[PDB]
Structures are given as C-alpha cells and as structure tokens.
**Student:** 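Take a look at this one; I'll ask things after.
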Amino acid sequence: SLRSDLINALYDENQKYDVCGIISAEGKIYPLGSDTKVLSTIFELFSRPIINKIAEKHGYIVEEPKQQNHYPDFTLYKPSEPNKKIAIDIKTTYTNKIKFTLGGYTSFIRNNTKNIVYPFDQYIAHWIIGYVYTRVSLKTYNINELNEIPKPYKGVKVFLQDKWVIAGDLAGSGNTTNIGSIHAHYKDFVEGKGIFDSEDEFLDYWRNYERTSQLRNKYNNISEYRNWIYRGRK
Amino acid sequence: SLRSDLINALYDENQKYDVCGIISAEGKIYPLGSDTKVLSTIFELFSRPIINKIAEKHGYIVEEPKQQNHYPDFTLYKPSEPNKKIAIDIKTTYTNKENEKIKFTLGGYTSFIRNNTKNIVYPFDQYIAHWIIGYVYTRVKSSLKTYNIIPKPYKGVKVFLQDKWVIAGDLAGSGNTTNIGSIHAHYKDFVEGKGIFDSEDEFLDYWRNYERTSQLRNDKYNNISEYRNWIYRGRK
DNA sequence: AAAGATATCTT
DNA sequence: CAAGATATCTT
Ligand SMILES: [Cl-]
Ligand SMILES: [Cl-]
Ligand SMILES: [Cl-]
Ligand SMILES: [Cl-]
C-alpha cells in the first residue's frame, strides 16, 4: 500500500544516507548544527523526495502549505477523491524513552479551517513520520572532504504512525497548547502502544482538554476524562 | 574593528555564495525549502564560519548555547575582558516582493531583559553589546527530487549588522511568546539605524515595563509617545 | 507536570 | 494590531 511502501522507503533512505552539510552552488559546504531546530528542518527536507516518489507511484498528488502557520507538512490526495486526503507530518525529538509534541489542540481540531491547508474534515488519515536522533565544526569544506564533515548525530531512527495512536493525555506544551505524545521507548511508537481506545476518544479528549491546571482540575488525564464522560460531560 | 570586519565579511560571503541543498556523506543532494523555519536555520549555519573567522582574527573566543532555550546564538569575548562580552544573534524574515517593509521579532522581553540569568548563556550584565545579524530573503517541480554534485529557495538575500536597541520598535513582535518587535521599515532603515528609542537605556526601560496585553497596556503605555508621557508623569 | 521560554508568522 | 498559531524544548 501507499503506507507500507512509504515507511519501507523511509527506512531504506535512512539506512543508506547521512546528511552532513549545506552545499552552495559554488561547491562550498557548511557543517550542520547538533540541535533539534536544525535537524527537524533537515529531516523534513530529507523526507520530501521520498514522499513525492511513493505518492506518485500510488497516484496521489502532494501539496505543501502555502502558509507557514499551516498543518500538515504534506497533503496527499487523488484528484478523483478530494475528500479522502492524507496528512503526513514530520516530527523530531532527541535522545542521549522519548516524547513528541503532536501539534496544537486548539487549532484545526477545534475549528475545521483553522491553521490547516484543507478543511480538517477532508482528511481521513493523519500520519506522523517521527525522527529520533541520538544527540552528539566552525569551518567549511569542499566536495572532496565530505568524509571529514562531523555528523550532528550518532544515530537516527524513523517511524510512521497514526497521530491518534501515539497520542498521550498530557499536554506537550503550555503556551503553545500542543498535544503531548505518550512518553515511551521507540518500540512503543512503532508498535502503536498508545493509551486511547480509539481515534474518536483521542479527538474528544483533546477537543475538551482545558488549557491550564486550574481549569482542568474537569479532567487532567485519561482516567479523569473517562469519568467526565460518565458524569455526562460535566 | 571587529564590527566593521564582521559586516564586510558577511556582506561579501552573501554576494559570493548561494546555499542550495543538503548534502549527504554519500554525495546525494536534497533541495531546500522556501519557508523561514528552514532558511533561518540555513542562514545561521552559513554565518557560523564567518563569525568564528573574524572573531579569532580579533582574538575573540566564540561560544554557542549548550541548550536550545538560551540567547544568544553566539557569545564573543576576549579572555582579558570577561565583562565586555558581545552577543551576536541571527534573525531572519522575508518579503514577497523585494524592497517591501519588514519586521523582526527581537527576542523575549520577559527573560534575560528582566532577569539577569534567565534564558541566556552568560549573565546579561556581562554583555556590553547586543548585535543582530539580520537576513531578509524574497520568497520564491525540480525541488522535489534529489541531485548529484538545483533551484534556489529564494530570489535575493540581504544582510545587515546592527545593535538590537537601535532597531527596536515599540510594539511587540509576538503575543504569547512575548517578543520585542523591531521597527516596521525598509531594509535601509535597519542599516542606517533609524529606530525609535533615544538611548539603549530608554529601550531597556520601555521593554522592561511593557505590559503583556492590550488590556494592561491600555492603562499604562502601548507605544513610545505614551511611554514618554508615563515617564514625564512619574511612572504612574 | 505545568507553564513559559527558544524564533517567526498570520489574520 | 492584537493575539495566538506554526515546532520543540526546558524546568
Ligand atoms: Cl513543512
Ligand atoms: Cl514539520
Ligand atoms: Cl543558534
Ligand atoms: Cl537566531
């Protein structure tokens, strides 16, 4: 399928190549940074060719946001079926158990057209391509010195998983109100060992999660949410 | 001076090299993206070797943060002058059409500017200068495939070096992340330093007492004129 | 954990 | 403009 082919392609590309620098049209290479702000950017760009390739094999058009405040990184859809779009979002985190910030819980999930390339209800799947790298110069290089360029990571792993499956019940951020993923080992993300019973539960939980502890002290975790449901959503 | 040599070097490198892709150890090239998140990251990496070169030439050591939530991008200091550190911060913004007005988010106004050791590599009072290396690019299929040893994700790029206080404005650059906003002006105004504050001291006092929301600012000061009125009256 | 920093953009 | 979105980290 598109899904199986995409993750097979991502795995192989991750196994075969090591990004190590920024190259200019003149052939001068600048080494990379060892922080997430740098790597998250690189990992997405590294995934782009692969995503377009596989999508094309399966007859899907690939669209990227035209706005910088828009989710997702990639929108896939067949021109015949515009209402069955697939959102593919790249997320990154580091290790020296991990966790990811899975996007806002007050934007598109609460307003059908807020900060999203296409209305939320036009997407039938929301995939996360997660990159996990094990954390590790100030000079430039030429094409013959690629082997000398320090790689900003000791290792990198990649997985493709549905957003709802790896979602947790604790916010991933405060002021930027992000859904927090489960806090687990890489294996749990690949295997989809989450806490939500269904995507319906995931969505409802995050659509009704209060922004601060004061207000939440309703529900602060999955157990309290299930109780809130029993009480009649009050 | 370190400053004159640094801008000349940055300005020159900008003119002689065009960043165009991510290269792998195997020689495979991945095209760049055209958004600010990508380019701001690139422009900093592009600036790094130049900053280090010029700094070393003037006997300055360069130190980058050991963690993501610390300002500045680069801390320069001579061993002999530990309390005369120079913060150099890389900032980027874009323009749809070249020569349009631009604005930058000049860092938070509730971290190190209000607390000497909060979110900063070294205590704020050990720095005597806060420079901003500003990059402005005009925003701009081949970009979708990989290449061997490529369209550029920008039409043109301009760079300037200026003191933070000099290009500071009186309206916030961000809401929930409480950033100082720069003046909203053309590139040349940043180069020439046509800001609104009269001194670095006025800049600091203004941003140290700027309230977080329009509501609060409504009864104190929301702009420079109001701040000067607030000051005239006795800070009340 | 919960809240707010790390940079910049959009309506 | 304001305010809160776009990502992740720190504590
Ligand atoms: Cl993106
Ligand atoms: Cl992303
Ligand atoms: Cl940096
Ligand atoms: Cl920066």
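Below, chain A is the first sequence line, B the second, and so on; all start at residue 1.
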**Student:** From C1'-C2'-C3'-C4' alone, north or south for the sugar of C:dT10?
**Tutor:** south
**Student:** Checking all strands, does A:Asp169 fall into the base, sugar-phosphate, or nothing category for heavy-atom contacts under 4.0 angstrom?
**Tutor:**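 Counting heavy atoms under 4.0 Å across all strands, no contact is made by A:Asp169.
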**Student:** Does the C1'-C2'-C3'-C4' torsion put D:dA2 in the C3'-endo-side north group or the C2'-endo-side south group?
**Tutor:**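 By the sign criterion, D:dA2 is north.
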**Student:** Select base, sugar-phosphate, or nothing to describe what B:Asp89 touches, counting heavy atoms under 4.0 Å on all strands.
**Tutor:** sugar-phosphate
**Student:** Specify the separation, in whole Å, of atom OH of A:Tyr209 and atom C1' of C:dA2.
**Tutor:** 8 Å
**Student:** Let me spell it out: for each of B:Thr110 and B:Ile90, pick the nucleotide of DNA chain C with the closest heavy atom. Which residue's pick is nearer the 5' end?
**Tutor:**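 The residue whose closest nucleotide sits nearer the 5' end is B:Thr110.
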**Student:** Among C:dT8, D:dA7, D:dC1, which nucleotide has an atom closest to any side-chain atom of B:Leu171?
**Tutor:**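 Shortest atom-to-atom distance from the side chain points to D:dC1.
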**Student:** Looking at A:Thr101, I'd like to know whether one of its side-chain N or O atoms comes within less than 4.0 Å of OP1 or OP2 on D:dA7.
**Tutor:**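 A:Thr101 to D:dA7 OP1/OP2: no side-chain N or O under 4.0 Å.
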**Student:** Select one nucleotide: of D:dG4, D:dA5, C:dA5, the one nearest the side-chain heavy atoms of A:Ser107.
**Tutor:**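 In terms of side-chain proximity for A:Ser107, the closest of D:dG4, D:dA5, C:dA5 is D:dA5.
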**Student:** Return the value, rounded to whole Å, for the distance between atom CG of A:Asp35 and atom P of D:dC9.
**Tutor:**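 Value for this atom pair: 10 Å.
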**Student:** Less than 3.5 Å between a donor and an acceptor, one on the side chain of A:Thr92 and one on the base of D:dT8, is that the case here?
**Tutor:** no
**Student:** What residues, two or more places apart in sequence or in another chain, satisfy side-chain hydrogen bond (donor to acceptor under 3.5 Å, both in side chains) together with A:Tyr205?
**Tutor:** none
**Student:** Would you kindly give the NZ-to-P distance between B:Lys91 and C:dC9, to the nearest whole Å?
**Tutor:** 11 Å
**Student:** Please determine whether a side-chain nitrogen or oxygen atom of B:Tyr109 lies at a distance below 4.0 Å from atom OP1 or OP2 of C:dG4.
**Tutor:**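 For B:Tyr109, the contact criterion (side-chain N or O under 4.0 Å from OP1 or OP2 of C:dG4) is not met.
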**Student:** Tell me the interatomic distance from A:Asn217, atom CG, to C:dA1, atom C1', rounded to whole angstroms.
**Tutor:**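 After rounding, the reported distance stands at 12 Å.
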**Student:** For C:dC9, does OP1 or OP2 lie under 4.0 Å from any side-chain N or O of B:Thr93?
**Tutor:**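 Yes.
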**Student:** Can we call the ring centroids of B:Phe124 and B:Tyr71 under 6.0 Å apart?
**Tutor:** no
**Student:** Is B:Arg217 close enough to D:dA2 that one of its side-chain N or O atoms is under 4.0 Å from OP1 or OP2 there?
**Tutor:**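 B:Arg217 to D:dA2 OP1/OP2: side-chain N or O found under 4.0 Å.
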**Student:** Within the structure, does a side-chain N or O atom of A:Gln67 lie under 4.0 Å from either OP1 or OP2 of C:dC9?
**Tutor:** no
**Student:** Checking only heavy atoms, does the side chain of A:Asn175 share a donor-acceptor pair with the base of C:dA5 at less than 3.5 Å?
**Tutor:**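 Answer yes: a donor N or O sits under 3.5 Å from an acceptor.
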**Student:** If you measure from the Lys or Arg side-chain nitrogens to the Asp or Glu carboxylate oxygens, is any gap between A:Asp162 and A:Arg3 under 4.0 Å?
**Tutor:** yes
**Student:** How about A:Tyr105 and A:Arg207: does a side-chain donor come under 3.5 Å of a side-chain acceptor?
**Tutor:**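 The answer is no; no qualifying pair exists.
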**Student:** Quick one: is C:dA3 close enough that its OP1 or OP2 comes under 4.0 Å of any side-chain N or O from A:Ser213?
**Tutor:**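 The answer is yes; a side-chain N or O of A:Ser213 sits under 4.0 Å from OP1 or OP2.
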**Student:** For A:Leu170, give me all partners under side-chain contact (heavy atoms from CB on, under 4.5 Å), at least two apart in sequence or on another chain.
**Tutor:** none
**Student:** Work out the sugar pucker of C:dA3 as north or south, treating a positive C1'-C2'-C3'-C4' as north.
**Tutor:**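 South, since the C1'-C2'-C3'-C4' torsion of C:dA3 has a negative sign.
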**Student:** Without decimals, in angstroms, what is the distance between B:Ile120 CD1 and D:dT10 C1'?
**Tutor:**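 Taking CD1 of B:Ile120 and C1' of D:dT10, I get 17 Å after rounding.
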**Student:** Quick one: look at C1'-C2'-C3'-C4' in D:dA5 and give me north (positive) or south (negative).
**Tutor:** north
**Student:** Answer yes or no: does a side-chain N or O of A:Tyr94 lie under 4.0 Å from OP1 or OP2 of D:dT10?
**Tutor:**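 It does, given that an N or O in the side chain of A:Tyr94 lies less than 4.0 Å from OP1 or OP2 of D:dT10.
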**Student:** Starting at CG of A:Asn111 and ending at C1' of D:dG4, how long is that distance when rounded to a whole Å?
**Tutor:**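 Rounding to the nearest Å, CG of A:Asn111 and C1' of D:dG4 are 13 Å apart.
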**Student:** Mark yes or no for a side-chain to base donor-acceptor pair under 3.5 Å between A:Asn69 and C:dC9, with no hydrogen or angle criteria applied.
**Tutor:** no
**Student:** Rounded to the nearest Å, what distance is computed from the CD atom of residue A:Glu210 to the P atom of nucleotide C:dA2?
**Tutor:** 13 Å
**Student:** Any side-chain N or O of A:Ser40 less than 4.0 Å from the OP1 or OP2 oxygen of D:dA7?
**Tutor:**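 Answer is no, no contact under 4.0 Å.
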**Student:** Can you tell me which residue among A:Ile90, A:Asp89, A:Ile86, A:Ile88 is in a side chain to side chain contact (heavy atoms under 4.5 Å, CB included) with A:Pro72?
**Tutor:** A:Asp89
**Student:** Using whole Å, report how far CG of A:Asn178 lies from P of D:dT8.
**Tutor:**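 Those two atoms, CG and P, are 8 Å apart.
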**Student:** Might you work through the salt bridge (charged side-chain N to carboxylate O under 4.0 Å, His left out) test for B:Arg228 and B:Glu202, ending with a clear yes or no?
**Tutor:** CA-CA 9 Å; B:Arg228 292 170 175 164; B:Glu202 199 190 39; 2.9 Å; yes
**Student:** Mind telling me the pucker class of C:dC9, north or south, from the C1'-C2'-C3'-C4' torsion?
**Tutor:** south
**Student:** According to a strict under-4.0 Å criterion, is A:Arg216 in side-chain N/O contact with OP1 or OP2 of C:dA2?
**Tutor:** yes
